[PDB]
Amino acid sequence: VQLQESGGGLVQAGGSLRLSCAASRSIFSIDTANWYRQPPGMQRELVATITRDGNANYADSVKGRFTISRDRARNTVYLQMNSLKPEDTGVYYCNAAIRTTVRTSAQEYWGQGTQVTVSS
């Protein structure tokens, strides 16, 4: 079971994107999720965090514009990125605690980051 990311790409400042974080095979539950990003020449920064109960928190540089959410029907963690700025350009990673079955212990999973480029 591998964590797969999508929804990235190129966009102009002011536009929006929606990152999708799913799994390779059918999963019972994604208990917790974190959206990281890495800009060129800077450190890996935690951007979004959604918990089991549904509550979420964002970095001050992204709060009010980004919105992490859980699609329970498809077990897919989305990151809605609105009013994108040029400094948001980087490689976005998805870290998630996947639960294979109901009674399986929750395991940590990472994924190959996707490219997000906000031009001009």
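The numbering used is simple: start at 1 and walk along the sequence shown.
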property	result
Higher-B stretch (mean Cα B-factor, as the entry records it), 98-106 or 15-23	98-106
59-67 versus 73-81 - greater average Cα B-factor per the deposited record	59-67
Ranked C-alpha temperature factor of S120 among modelled chain residues, by third	highest
Entry-reported Cα temperature factor of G54, expressed as the chain third it lands in	lowest
Position of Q2 among the chain's modelled residues by C-alpha B-factor, lowest, middle or highest third	highest
CA B-factor placement of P39, once the chain's modelled residues are sorted into thirds	highest
